[PDB]
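Peer 1: Please find protein.cif (mmCIF, C-alpha atoms and all ligand atoms) on the next line:
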data_final
#
loop_
_atom_site.group_PDB
_atom_site.id
_atom_site.type_symbol
_atom_site.label_atom_id
_atom_site.label_comp_id
_atom_site.auth_asym_id
_atom_site.auth_seq_id
_atom_site.Cartn_x
_atom_site.Cartn_y
_atom_site.Cartn_z
ATOM 1 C CA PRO F 1 -23.577 -10.299 2.561
ATOM 2 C CA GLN F 2 -20.821 -8.006 1.308
ATOM 3 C CA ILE F 3 -18.193 -6.947 3.824
ATOM 4 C CA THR F 4 -15.272 -4.592 3.710
ATOM 5 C CA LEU F 5 -11.944 -5.379 5.399
ATOM 6 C CA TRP F 6 -11.330 -2.487 7.795
ATOM 7 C CA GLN F 7 -11.922 -4.987 10.617
ATOM 8 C CA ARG F 8 -11.277 -8.716 10.739
ATOM 9 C CA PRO F 9 -13.965 -10.621 8.803
ATOM 10 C CA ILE F 10 -15.412 -12.684 11.678
ATOM 11 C CA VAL F 11 -18.594 -14.762 11.394
ATOM 12 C CA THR F 12 -20.652 -16.969 13.712
ATOM 13 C CA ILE F 13 -20.418 -20.728 13.335
ATOM 14 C CA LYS F 14 -22.363 -23.673 14.795
ATOM 15 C CA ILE F 15 -20.652 -27.035 15.089
ATOM 16 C CA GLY F 16 -21.483 -30.119 17.185
ATOM 17 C CA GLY F 17 -24.160 -28.165 18.996
ATOM 18 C CA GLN F 18 -21.805 -25.387 20.056
ATOM 19 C CA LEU F 19 -21.549 -21.767 18.934
ATOM 20 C CA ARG F 20 -18.252 -20.091 18.161
ATOM 21 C CA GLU F 21 -16.800 -17.256 15.985
ATOM 22 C CA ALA F 22 -14.281 -17.779 13.203
ATOM 23 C CA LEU F 23 -12.234 -15.696 10.755
ATOM 24 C CA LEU F 24 -13.051 -15.931 7.012
ATOM 25 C CA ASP F 25 -9.545 -16.487 5.679
ATOM 26 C CA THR F 26 -8.892 -16.448 1.883
ATOM 27 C CA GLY F 27 -5.258 -17.266 2.685
ATOM 28 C CA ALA F 28 -6.237 -20.609 4.289
ATOM 29 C CA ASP F 29 -6.678 -23.765 2.211
ATOM 30 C CA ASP F 30 -8.483 -25.544 5.137
ATOM 31 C CA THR F 31 -10.719 -24.763 8.129
ATOM 32 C CA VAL F 32 -9.024 -24.977 11.574
ATOM 33 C CA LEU F 33 -10.748 -24.665 14.990
ATOM 34 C CA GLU F 34 -9.110 -24.663 18.422
ATOM 35 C CA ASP F 35 -11.889 -24.348 20.982
ATOM 36 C CA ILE F 36 -14.050 -27.369 20.011
ATOM 37 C CA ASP F 37 -13.661 -31.109 20.646
ATOM 38 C CA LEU F 38 -15.360 -33.305 18.037
ATOM 39 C CA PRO F 39 -16.416 -36.944 18.515
ATOM 40 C CA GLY F 40 -15.390 -40.066 16.566
ATOM 41 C CA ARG F 41 -12.411 -41.060 14.461
ATOM 42 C CA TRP F 42 -9.836 -38.672 12.988
ATOM 43 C CA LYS F 43 -6.502 -38.785 11.158
ATOM 44 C CA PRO F 44 -3.321 -36.825 12.019
ATOM 45 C CA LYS F 45 -2.527 -33.978 9.705
ATOM 46 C CA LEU F 46 0.246 -31.430 9.407
ATOM 47 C CA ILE F 47 -0.445 -27.792 8.516
ATOM 48 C CA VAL F 48 1.837 -24.823 8.099
ATOM 49 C CA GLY F 49 1.564 -21.110 8.483
ATOM 50 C CA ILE F 50 3.528 -18.029 9.306
ATOM 51 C CA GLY F 51 5.285 -19.376 12.414
ATOM 52 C CA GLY F 52 5.871 -22.930 11.256
ATOM 53 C CA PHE F 53 4.009 -26.259 11.408
ATOM 54 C CA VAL F 54 1.219 -27.576 13.708
ATOM 55 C CA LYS F 55 -0.013 -31.150 14.043
ATOM 56 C CA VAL F 56 -3.793 -31.176 14.052
ATOM 57 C CA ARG F 57 -6.640 -33.751 13.959
ATOM 58 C CA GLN F 58 -8.519 -34.074 10.677
ATOM 59 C CA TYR F 59 -12.303 -34.767 11.018
ATOM 60 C CA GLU F 60 -14.174 -35.592 7.786
ATOM 61 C CA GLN F 61 -17.817 -35.004 6.872
ATOM 62 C CA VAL F 62 -18.489 -32.640 9.772
ATOM 63 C CA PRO F 63 -21.718 -30.649 9.776
ATOM 64 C CA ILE F 64 -20.984 -26.913 10.300
ATOM 65 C CA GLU F 65 -23.134 -23.853 9.941
ATOM 66 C CA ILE F 66 -21.258 -20.719 8.807
ATOM 67 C CA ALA F 67 -23.085 -17.387 8.999
ATOM 68 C CA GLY F 68 -26.387 -19.278 8.631
ATOM 69 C CA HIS F 69 -25.384 -21.596 5.835
ATOM 70 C CA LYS F 70 -25.233 -25.328 6.588
ATOM 71 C CA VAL F 71 -22.372 -27.230 4.911
ATOM 72 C CA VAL F 72 -20.627 -30.479 5.541
ATOM 73 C CA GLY F 73 -16.891 -30.792 5.051
ATOM 74 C CA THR F 74 -13.502 -31.384 6.579
ATOM 75 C CA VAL F 75 -12.610 -29.639 9.791
ATOM 76 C CA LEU F 76 -9.228 -29.616 11.399
ATOM 77 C CA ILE F 77 -8.949 -29.409 15.235
ATOM 78 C CA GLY F 78 -5.774 -28.092 16.789
ATOM 79 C CA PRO F 79 -3.699 -25.075 17.917
ATOM 80 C CA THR F 80 -4.399 -21.839 16.224
ATOM 81 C CA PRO F 81 -4.415 -18.247 17.497
ATOM 82 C CA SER F 82 -7.871 -17.865 15.872
ATOM 83 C CA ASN F 83 -10.533 -20.218 14.568
ATOM 84 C CA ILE F 84 -10.410 -19.881 10.758
ATOM 85 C CA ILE F 85 -12.737 -20.828 7.845
ATOM 86 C CA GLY F 86 -10.704 -21.609 4.784
ATOM 87 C CA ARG F 87 -11.364 -21.992 1.160
ATOM 88 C CA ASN F 88 -12.600 -25.642 1.457
ATOM 89 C CA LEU F 89 -15.751 -24.300 3.097
ATOM 90 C CA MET F 90 -15.859 -20.747 1.652
ATOM 91 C CA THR F 91 -16.202 -22.326 -1.851
ATOM 92 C CA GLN F 92 -19.325 -24.077 -0.571
ATOM 93 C CA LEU F 93 -20.764 -20.623 0.244
ATOM 94 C CA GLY F 94 -20.019 -19.274 -3.212
ATOM 95 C CA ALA F 95 -17.732 -16.647 -1.661
ATOM 96 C CA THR F 96 -15.824 -14.210 -3.847
ATOM 97 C CA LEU F 97 -13.204 -11.573 -3.387
ATOM 98 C CA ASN F 98 -13.857 -8.365 -5.233
ATOM 99 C CA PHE F 99 -11.316 -5.484 -5.983
ATOM 100 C CA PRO X 1 -12.057 -8.069 -10.710
ATOM 101 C CA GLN X 2 -14.151 -10.676 -8.957
ATOM 102 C CA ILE X 3 -12.488 -14.005 -8.141
ATOM 103 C CA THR X 4 -13.789 -17.264 -6.764
ATOM 104 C CA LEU X 5 -11.795 -19.306 -4.215
ATOM 105 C CA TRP X 6 -11.389 -22.725 -5.841
ATOM 106 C CA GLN X 7 -7.699 -21.876 -6.200
ATOM 107 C CA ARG X 8 -5.451 -19.712 -4.078
ATOM 108 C CA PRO X 9 -6.108 -16.024 -4.784
ATOM 109 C CA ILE X 10 -2.672 -15.018 -6.031
ATOM 110 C CA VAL X 11 -1.884 -11.670 -7.697
ATOM 111 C CA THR X 12 1.149 -9.964 -9.234
ATOM 112 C CA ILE X 13 2.947 -7.287 -7.263
ATOM 113 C CA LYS X 14 5.702 -4.774 -8.079
ATOM 114 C CA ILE X 15 7.894 -3.525 -5.264
ATOM 115 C CA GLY X 16 11.312 -1.785 -5.351
ATOM 116 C CA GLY X 17 11.636 -2.463 -9.055
ATOM 117 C CA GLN X 18 11.040 -6.225 -8.664
ATOM 118 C CA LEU X 19 8.130 -8.421 -9.655
ATOM 119 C CA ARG X 20 6.689 -11.092 -7.388
ATOM 120 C CA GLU X 21 3.366 -12.920 -6.694
ATOM 121 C CA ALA X 22 1.493 -12.737 -3.421
ATOM 122 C CA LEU X 23 -1.602 -14.256 -1.782
ATOM 123 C CA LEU X 24 -4.631 -12.003 -1.041
ATOM 124 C CA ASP X 25 -5.197 -13.011 2.598
ATOM 125 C CA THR X 26 -8.364 -11.683 4.403
ATOM 126 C CA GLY X 27 -6.988 -13.520 7.481
ATOM 127 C CA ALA X 28 -3.903 -11.316 7.590
ATOM 128 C CA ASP X 29 -3.841 -7.947 9.363
ATOM 129 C CA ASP X 30 -0.564 -6.964 7.588
ATOM 130 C CA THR X 31 1.367 -7.601 4.383
ATOM 131 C CA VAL X 32 4.435 -9.896 4.692
ATOM 132 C CA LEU X 33 7.006 -10.655 1.899
ATOM 133 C CA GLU X 34 9.915 -13.151 2.050
ATOM 134 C CA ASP X 35 11.712 -12.895 -1.305
ATOM 135 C CA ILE X 36 12.489 -9.152 -1.409
ATOM 136 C CA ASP X 37 15.100 -7.031 0.309
ATOM 137 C CA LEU X 38 14.116 -3.375 0.862
ATOM 138 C CA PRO X 39 16.515 -0.454 1.503
ATOM 139 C CA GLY X 40 16.632 2.142 4.322
ATOM 140 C CA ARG X 41 15.654 2.007 7.972
ATOM 141 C CA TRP X 42 13.244 -0.478 9.537
ATOM 142 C CA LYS X 43 11.893 -1.439 12.965
ATOM 143 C CA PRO X 44 11.743 -5.006 14.453
ATOM 144 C CA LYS X 45 8.265 -6.393 14.648
ATOM 145 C CA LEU X 46 6.767 -9.605 15.942
ATOM 146 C CA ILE X 47 3.960 -11.385 14.104
ATOM 147 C CA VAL X 48 2.034 -14.567 14.805
ATOM 148 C CA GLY X 49 0.208 -17.162 12.862
ATOM 149 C CA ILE X 50 -0.495 -20.815 12.736
ATOM 150 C CA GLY X 51 2.640 -22.438 14.027
ATOM 151 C CA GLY X 52 3.860 -19.590 16.146
ATOM 152 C CA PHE X 53 5.681 -16.263 16.024
ATOM 153 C CA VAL X 54 8.159 -14.787 13.552
ATOM 154 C CA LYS X 55 10.381 -11.713 13.931
ATOM 155 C CA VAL X 56 10.238 -9.549 10.866
ATOM 156 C CA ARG X 57 11.452 -6.119 9.701
ATOM 157 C CA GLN X 58 8.810 -3.395 9.453
ATOM 158 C CA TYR X 59 9.295 -0.938 6.466
ATOM 159 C CA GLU X 60 6.982 2.098 6.416
ATOM 160 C CA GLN X 61 5.660 4.109 3.490
ATOM 161 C CA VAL X 62 6.727 1.584 0.878
ATOM 162 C CA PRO X 63 5.464 1.960 -2.677
ATOM 163 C CA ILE X 64 3.897 -1.304 -3.932
ATOM 164 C CA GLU X 65 1.785 -2.066 -6.918
ATOM 165 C CA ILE X 66 -0.850 -4.769 -6.353
ATOM 166 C CA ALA X 67 -2.659 -6.231 -9.401
ATOM 167 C CA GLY X 68 -2.039 -2.899 -11.183
ATOM 168 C CA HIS X 69 -3.024 -0.594 -8.348
ATOM 169 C CA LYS X 70 -0.332 1.632 -6.878
ATOM 170 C CA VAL X 71 -0.463 2.058 -3.076
ATOM 171 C CA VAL X 72 1.978 3.130 -0.390
ATOM 172 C CA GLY X 73 1.895 1.421 2.981
ATOM 173 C CA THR X 74 3.635 -0.703 5.526
ATOM 174 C CA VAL X 75 5.370 -3.838 4.366
ATOM 175 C CA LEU X 76 6.858 -6.487 6.602
ATOM 176 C CA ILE X 77 9.908 -8.468 5.375
ATOM 177 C CA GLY X 78 10.661 -11.835 6.913
ATOM 178 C CA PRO X 79 10.037 -15.621 6.890
ATOM 179 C CA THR X 80 6.767 -16.754 5.450
ATOM 180 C CA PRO X 81 5.787 -19.841 3.460
ATOM 181 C CA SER X 82 4.091 -17.410 1.046
ATOM 182 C CA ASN X 83 4.154 -13.708 0.266
ATOM 183 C CA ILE X 84 0.849 -12.339 1.542
ATOM 184 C CA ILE X 85 -1.182 -9.110 1.070
ATOM 185 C CA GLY X 86 -3.171 -8.363 4.187
ATOM 186 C CA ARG X 87 -5.974 -6.117 5.030
ATOM 187 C CA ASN X 88 -3.731 -3.014 5.550
ATOM 188 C CA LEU X 89 -3.273 -2.883 1.774
ATOM 189 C CA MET X 90 -6.488 -4.723 0.646
ATOM 190 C CA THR X 91 -8.506 -1.845 2.256
ATOM 191 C CA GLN X 92 -6.615 0.587 -0.019
ATOM 192 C CA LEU X 93 -7.943 -1.395 -2.978
ATOM 193 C CA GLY X 94 -11.556 -1.254 -1.748
ATOM 194 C CA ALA X 95 -11.608 -5.069 -1.535
ATOM 195 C CA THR X 96 -14.709 -6.880 -0.311
ATOM 196 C CA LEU X 97 -15.607 -10.421 0.522
ATOM 197 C CA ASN X 98 -18.996 -11.446 -0.756
ATOM 198 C CA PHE X 99 -21.276 -14.441 -0.124
HETATM 199 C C1 LIG U 101 -5.088 -16.777 13.374
HETATM 200 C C2 LIG U 101 -4.097 -16.545 12.306
HETATM 201 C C3 LIG U 101 -4.923 -15.937 11.246
HETATM 202 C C4 LIG U 101 -4.663 -16.671 9.971
HETATM 203 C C5 LIG U 101 -3.307 -16.408 9.388
HETATM 204 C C6 LIG U 101 -3.503 -17.165 8.075
HETATM 205 N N1 LIG U 101 -2.442 -16.937 7.119
HETATM 206 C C7 LIG U 101 -2.117 -17.975 6.157
HETATM 207 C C8 LIG U 101 -0.975 -17.470 5.325
HETATM 208 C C9 LIG U 101 -0.584 -18.455 4.285
HETATM 209 C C10 LIG U 101 0.767 -18.228 3.733
HETATM 210 C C11 LIG U 101 1.694 -18.983 4.620
HETATM 211 C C12 LIG U 101 -2.103 -19.351 6.658
HETATM 212 O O1 LIG U 101 -1.633 -19.874 7.749
HETATM 213 N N2 LIG U 101 -2.687 -20.199 5.954
HETATM 214 C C13 LIG U 101 -2.697 -21.664 6.302
HETATM 215 C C14 LIG U 101 -3.772 -22.053 7.332
HETATM 216 C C15 LIG U 101 -3.849 -23.451 7.639
HETATM 217 C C16 LIG U 101 -4.504 -24.265 6.710
HETATM 218 N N3 LIG U 101 -4.270 -25.604 6.658
HETATM 219 O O2 LIG U 101 -5.299 -23.728 6.024
HETATM 220 C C17 LIG U 101 -2.548 -22.603 5.033
HETATM 221 O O3 LIG U 101 -3.297 -22.604 3.984
HETATM 222 N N4 LIG U 101 -1.674 -23.556 4.963
HETATM 223 C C18 LIG U 101 -1.612 -24.646 3.921
HETATM 224 C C19 LIG U 101 -0.357 -24.470 3.166
HETATM 225 C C20 LIG U 101 -0.222 -23.115 2.621
HETATM 226 C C21 LIG U 101 1.128 -23.444 1.936
HETATM 227 N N5 LIG U 101 1.683 -22.176 1.414
HETATM 228 C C22 LIG U 101 2.835 -22.165 0.771
HETATM 229 N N6 LIG U 101 3.585 -23.274 0.728
HETATM 230 N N7 LIG U 101 3.194 -21.070 0.133
HETATM 231 C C23 LIG U 101 -1.704 -25.992 4.501
HETATM 232 N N8 LIG U 101 -2.376 -27.029 3.944
HETATM 233 O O4 LIG U 101 -1.167 -26.169 5.573
HETATM 234 N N9 LIG U 101 -2.935 -15.011 9.506
HETATM 235 C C24 LIG U 101 -1.791 -14.857 9.863
HETATM 236 O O5 LIG U 101 -1.202 -15.950 9.919
HETATM 237 C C25 LIG U 101 -1.418 -13.412 10.031
HETATM 238 N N10 LIG U 101 -1.357 -12.981 11.344
HETATM 239 C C26 LIG U 101 -2.050 -12.008 11.695
HETATM 240 O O6 LIG U 101 -2.934 -11.449 10.971
HETATM 241 C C27 LIG U 101 -1.835 -11.711 13.155
HETATM 242 N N11 LIG U 101 -1.575 -10.419 13.424
HETATM 243 C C28 LIG U 101 -0.306 -10.084 13.685
HETATM 244 C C29 LIG U 101 -0.201 -8.624 13.800
HETATM 245 O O7 LIG U 101 0.580 -10.915 13.831
HETATM 246 C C30 LIG U 101 -3.147 -11.915 13.945
HETATM 247 C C31 LIG U 101 -3.589 -13.335 13.814
HETATM 248 O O8 LIG U 101 -3.173 -11.794 15.365
HETATM 249 C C32 LIG U 101 -0.181 -12.948 9.272
HETATM 250 C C33 LIG U 101 -0.293 -12.721 7.784
HETATM 251 C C34 LIG U 101 0.444 -11.640 9.734
HETATM 252 C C35 LIG U 101 -0.466 -10.452 9.309
#
Take the structure in the file and write it out as structure tokens.

Peer 2:
Amino acid sequence: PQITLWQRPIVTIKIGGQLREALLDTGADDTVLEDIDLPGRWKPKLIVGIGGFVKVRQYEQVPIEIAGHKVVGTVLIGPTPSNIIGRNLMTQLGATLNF
Amino acid sequence: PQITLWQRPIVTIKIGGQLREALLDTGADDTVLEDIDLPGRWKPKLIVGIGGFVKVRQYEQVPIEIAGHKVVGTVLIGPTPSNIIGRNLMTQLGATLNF
């Protein structure tokens, strides 16, 4: 679809059998979720944003469905004010910004 | 223009006679710059992101040119790892996200 930006660009996601919403964030390199626990091994990772740095868990080769589209990629689990879908997965959707 | 998201979506801006680059951030409500000082009155404002909260200065009715397009809107000045253009100004450009 094509969406304008008068409201926050929020989509539905499915991961590990659970449903959540997430913000499509062109300003995010990576995808970060807070309200999901994933199984198996992970590695510590550090991320930064407006208010400083967060330690998160990095999960690799995670199945995730974003607005209907099934992809597999890296998902970070940790504190964030909002679940966010970053460019790592938006590239898999063929997303573009148009102005 | 139409841009893909394999790299960070960075554009050139002109504000208060100075040139800078900034990230087009669909995950940002507001526009936040770090490397510019603006004149006149301002109000304190609190913003949040990954990591936490930041106090910034809110400047209203600021002329800013974004990738060639002249707009006037609110600009926040404060700490950020990157200058960012948020939806307040991206809506003035008629920006859309497409997939
Ligand atoms: C829930 C929060 C929504 C996402 C967040 C994403 N913004 C970017 C801005 C990037 C410039 C700093 C960000 O954190 N991106 C991260 C996300 C994490 C991640 N791993 O993807 C990033 O790519 N970080 C890279 C590094 C970017 C490095 N940048 C640099 N060095 N210049 C990384 N690997 O850690 N939006 C915000 O952080 C914005 N906040 C808002 O929009 C909030 N609204 C208010 C009014 O505060 C709202 C959430 O409630 C900012 C702009 C104020 C309007």

Peer 1: Which residues sit within 7 Å of ligand LIG 101 (chain U), counting all atoms listed in the file, listed as a VMD selection string?

Peer 2: (chain F and resid 25 27 to 32 46 to 50 80 to 84 86) or (chain X and resid 25 27 to 32 46 to 50 80 to 84 86)

Peer 1: Could you name the residues that touch residue 33 in chain F at 12 Å or less, counting all atoms listed in the file, but leaving out those on the same chain fewer than 5 positions away, as number ranges by chain?

Peer 2: F: 13-15, 19-23, 38, 56-59, 64, 74-86; X: 50

Peer 1: Include C-alpha atoms and write out the residues we just selected as a tab-separated table (two decimals), in the coordinates of the input.

Peer 2:
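result.tsv written:
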chain	number	residue	atom	x	y	z
F	13	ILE	CA	-20.42	-20.73	13.34
F	14	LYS	CA	-22.36	-23.67	14.80
F	15	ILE	CA	-20.65	-27.04	15.09
F	19	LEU	CA	-21.55	-21.77	18.93
F	20	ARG	CA	-18.25	-20.09	18.16
F	21	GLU	CA	-16.80	-17.26	15.98
F	22	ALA	CA	-14.28	-17.78	13.20
F	23	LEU	CA	-12.23	-15.70	10.76
F	38	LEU	CA	-15.36	-33.30	18.04
F	56	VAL	CA	-3.79	-31.18	14.05
F	57	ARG	CA	-6.64	-33.75	13.96
F	58	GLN	CA	-8.52	-34.07	10.68
F	59	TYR	CA	-12.30	-34.77	11.02
F	64	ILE	CA	-20.98	-26.91	10.30
F	74	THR	CA	-13.50	-31.38	6.58
F	75	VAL	CA	-12.61	-29.64	9.79
F	76	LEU	CA	-9.23	-29.62	11.40
F	77	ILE	CA	-8.95	-29.41	15.24
F	78	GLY	CA	-5.77	-28.09	16.79
F	79	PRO	CA	-3.70	-25.08	17.92
F	80	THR	CA	-4.40	-21.84	16.22
F	81	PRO	CA	-4.42	-18.25	17.50
F	82	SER	CA	-7.87	-17.86	15.87
F	83	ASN	CA	-10.53	-20.22	14.57
F	84	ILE	CA	-10.41	-19.88	10.76
F	85	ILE	CA	-12.74	-20.83	7.84
F	86	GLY	CA	-10.70	-21.61	4.78
X	50	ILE	CA	-0.50	-20.82	12.74

Peer 1: Once the PyMOL selection byres ((chain X) within 7 of (chain F)) has been evaluated on this model, what residues remain selected, and can you format them as a PDB file with C-alpha atoms, in the coordinates of the input?

Peer 2:
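Just written: out-v3.pdb:
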ATOM      1  CA  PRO X   1     -12.057  -8.069 -10.710  1.00  0.00           C
ATOM      2  CA  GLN X   2     -14.151 -10.676  -8.957  1.00  0.00           C
ATOM      3  CA  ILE X   3     -12.488 -14.005  -8.141  1.00  0.00           C
ATOM      4  CA  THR X   4     -13.789 -17.264  -6.764  1.00  0.00           C
ATOM      5  CA  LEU X   5     -11.795 -19.306  -4.215  1.00  0.00           C
ATOM      6  CA  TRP X   6     -11.389 -22.725  -5.841  1.00  0.00           C
ATOM      7  CA  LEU X  23      -1.602 -14.256  -1.782  1.00  0.00           C
ATOM      8  CA  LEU X  24      -4.631 -12.003  -1.041  1.00  0.00           C
ATOM      9  CA  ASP X  25      -5.197 -13.011   2.598  1.00  0.00           C
ATOM     10  CA  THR X  26      -8.364 -11.683   4.403  1.00  0.00           C
ATOM     11  CA  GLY X  27      -6.988 -13.520   7.481  1.00  0.00           C
ATOM     12  CA  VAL X  48       2.034 -14.567  14.805  1.00  0.00           C
ATOM     13  CA  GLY X  49       0.208 -17.162  12.862  1.00  0.00           C
ATOM     14  CA  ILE X  50      -0.495 -20.815  12.736  1.00  0.00           C
ATOM     15  CA  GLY X  51       2.640 -22.438  14.027  1.00  0.00           C
ATOM     16  CA  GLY X  52       3.860 -19.590  16.146  1.00  0.00           C
ATOM     17  CA  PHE X  53       5.681 -16.263  16.024  1.00  0.00           C
ATOM     18  CA  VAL X  54       8.159 -14.787  13.552  1.00  0.00           C
ATOM     19  CA  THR X  80       6.767 -16.754   5.450  1.00  0.00           C
ATOM     20  CA  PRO X  81       5.787 -19.841   3.460  1.00  0.00           C
ATOM     21  CA  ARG X  87      -5.974  -6.117   5.030  1.00  0.00           C
ATOM     22  CA  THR X  91      -8.506  -1.845   2.256  1.00  0.00           C
ATOM     23  CA  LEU X  93      -7.943  -1.395  -2.978  1.00  0.00           C
ATOM     24  CA  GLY X  94     -11.556  -1.254  -1.748  1.00  0.00           C
ATOM     25  CA  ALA X  95     -11.608  -5.069  -1.535  1.00  0.00           C
ATOM     26  CA  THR X  96     -14.709  -6.880  -0.311  1.00  0.00           C
ATOM     27  CA  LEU X  97     -15.607 -10.421   0.522  1.00  0.00           C
ATOM     28  CA  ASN X  98     -18.996 -11.446  -0.756  1.00  0.00           C
ATOM     29  CA  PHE X  99     -21.276 -14.441  -0.124  1.00  0.00           C
TER      30      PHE X  99
END

Peer 1: Any chance you could lay chain F over chain X, fitting all C-alpha atoms in order by least squares, and write the moved chain as a tab-separated table (two decimals) with C-alpha atoms, in the coordinates of the input?

Peer 2:
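Full text of result-v4.tsv as output:
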chain	number	residue	atom	x	y	z
F	1	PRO	CA	-11.96	-8.09	-10.70
F	2	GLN	CA	-14.14	-10.69	-8.99
F	3	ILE	CA	-12.52	-14.02	-8.16
F	4	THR	CA	-13.79	-17.25	-6.75
F	5	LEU	CA	-11.78	-19.31	-4.24
F	6	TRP	CA	-11.39	-22.74	-5.84
F	7	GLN	CA	-7.68	-21.90	-6.21
F	8	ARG	CA	-5.46	-19.69	-4.08
F	9	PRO	CA	-6.14	-16.00	-4.78
F	10	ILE	CA	-2.68	-15.01	-6.07
F	11	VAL	CA	-1.91	-11.64	-7.69
F	12	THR	CA	1.14	-9.96	-9.22
F	13	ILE	CA	2.94	-7.29	-7.24
F	14	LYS	CA	5.70	-4.77	-8.06
F	15	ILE	CA	7.91	-3.50	-5.26
F	16	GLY	CA	11.33	-1.80	-5.32
F	17	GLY	CA	11.60	-2.47	-9.03
F	18	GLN	CA	11.04	-6.20	-8.67
F	19	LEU	CA	8.10	-8.39	-9.67
F	20	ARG	CA	6.69	-11.07	-7.41
F	21	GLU	CA	3.38	-12.92	-6.70
F	22	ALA	CA	1.49	-12.74	-3.42
F	23	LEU	CA	-1.59	-14.27	-1.79
F	24	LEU	CA	-4.60	-12.00	-1.06
F	25	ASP	CA	-5.22	-12.98	2.55
F	26	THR	CA	-8.35	-11.70	4.40
F	27	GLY	CA	-7.04	-13.52	7.48
F	28	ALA	CA	-3.89	-11.33	7.59
F	29	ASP	CA	-3.87	-7.95	9.34
F	30	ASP	CA	-0.54	-6.98	7.61
F	31	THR	CA	1.38	-7.60	4.38
F	32	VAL	CA	4.44	-9.91	4.67
F	33	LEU	CA	7.00	-10.67	1.92
F	34	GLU	CA	9.92	-13.10	2.07
F	35	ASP	CA	11.72	-12.89	-1.26
F	36	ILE	CA	12.50	-9.13	-1.37
F	37	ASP	CA	15.14	-7.01	0.38
F	38	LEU	CA	14.12	-3.37	0.85
F	39	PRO	CA	16.50	-0.43	1.42
F	40	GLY	CA	16.69	2.04	4.32
F	41	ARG	CA	15.65	2.00	7.96
F	42	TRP	CA	13.23	-0.47	9.55
F	43	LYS	CA	11.94	-1.45	12.99
F	44	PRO	CA	11.72	-4.99	14.46
F	45	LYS	CA	8.25	-6.41	14.67
F	46	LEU	CA	6.72	-9.62	15.94
F	47	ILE	CA	3.91	-11.40	14.07
F	48	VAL	CA	2.02	-14.57	14.79
F	49	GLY	CA	0.25	-17.20	12.80
F	50	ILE	CA	-0.69	-20.82	12.77
F	51	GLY	CA	2.72	-22.23	13.74
F	52	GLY	CA	3.78	-19.55	16.19
F	53	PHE	CA	5.67	-16.24	16.07
F	54	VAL	CA	8.17	-14.77	13.54
F	55	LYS	CA	10.39	-11.72	13.98
F	56	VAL	CA	10.22	-9.58	10.87
F	57	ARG	CA	11.44	-6.14	9.68
F	58	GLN	CA	8.81	-3.42	9.41
F	59	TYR	CA	9.29	-0.96	6.47
F	60	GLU	CA	6.98	2.09	6.42
F	61	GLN	CA	5.71	4.12	3.46
F	62	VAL	CA	6.76	1.56	0.85
F	63	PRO	CA	5.48	1.97	-2.70
F	64	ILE	CA	3.86	-1.29	-3.92
F	65	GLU	CA	1.75	-2.08	-6.92
F	66	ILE	CA	-0.85	-4.83	-6.36
F	67	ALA	CA	-2.65	-6.23	-9.41
F	68	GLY	CA	-2.06	-2.89	-11.18
F	69	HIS	CA	-3.03	-0.59	-8.35
F	70	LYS	CA	-0.31	1.61	-6.84
F	71	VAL	CA	-0.49	2.08	-3.05
F	72	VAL	CA	1.94	3.10	-0.39
F	73	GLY	CA	1.90	1.45	3.01
F	74	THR	CA	3.66	-0.71	5.54
F	75	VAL	CA	5.39	-3.85	4.38
F	76	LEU	CA	6.88	-6.47	6.61
F	77	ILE	CA	9.95	-8.46	5.41
F	78	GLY	CA	10.66	-11.84	6.91
F	79	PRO	CA	10.01	-15.62	6.90
F	80	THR	CA	6.76	-16.75	5.49
F	81	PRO	CA	5.80	-19.83	3.45
F	82	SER	CA	4.07	-17.44	0.99
F	83	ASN	CA	4.18	-13.73	0.28
F	84	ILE	CA	0.84	-12.35	1.56
F	85	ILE	CA	-1.16	-9.10	1.07
F	86	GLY	CA	-3.15	-8.35	4.16
F	87	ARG	CA	-5.97	-6.11	5.05
F	88	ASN	CA	-3.74	-2.99	5.53
F	89	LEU	CA	-3.29	-2.89	1.77
F	90	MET	CA	-6.48	-4.68	0.61
F	91	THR	CA	-8.51	-1.84	2.25
F	92	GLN	CA	-6.63	0.57	-0.01
F	93	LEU	CA	-7.96	-1.40	-3.01
F	94	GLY	CA	-11.54	-1.25	-1.78
F	95	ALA	CA	-11.61	-5.05	-1.59
F	96	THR	CA	-14.69	-6.87	-0.33
F	97	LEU	CA	-15.65	-10.39	0.52
F	98	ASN	CA	-19.00	-11.46	-0.80
F	99	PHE	CA	-21.11	-14.58	0.30

Peer 1: To one decimal place, how far is CA of residue 45 in chain X from CA of residue 62 in chain X in Å?

Peer 2: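 CA of residue 62 in chain X lies at a distance of 16.0 Å from CA of residue 45 in chain X.
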
Peer 1: When distances are computed from all atoms listed in the file, which of F:60, F:43, F:17, F:11 shows the smallest separation from residue 73 in chain F?

Peer 2: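 Ranking F:60, F:43, F:17, F:11 by distance to residue 73 in chain F, first place goes to F:60.
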
Peer 1: Quick one, how far is CA of residue 66 in chain F from CA of residue 16 in chain F?

Peer 2: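 Calculated distance between CA of residue 66 in chain F and CA of residue 16 in chain F is 12.6 Å.
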
Peer 1: Mind giving me the straight-line distance from CA of residue 69 in chain F to CA of residue 44 in chain F in Å, one decimal?

Peer 2: 27.5 Å

Peer 1: Step by step, gather every atom of range 14-24 of chain F that the file lists, find the box along x, y and z that holds them, add 3 Å on each side, and finally give centre and edge lengths in Å to one decimal, as JSON.

Peer 2:
{"center_x": -18.2, "center_y": -22.9, "center_z": 13.5, "size_x": 17.9, "size_y": 20.4, "size_z": 19.0}
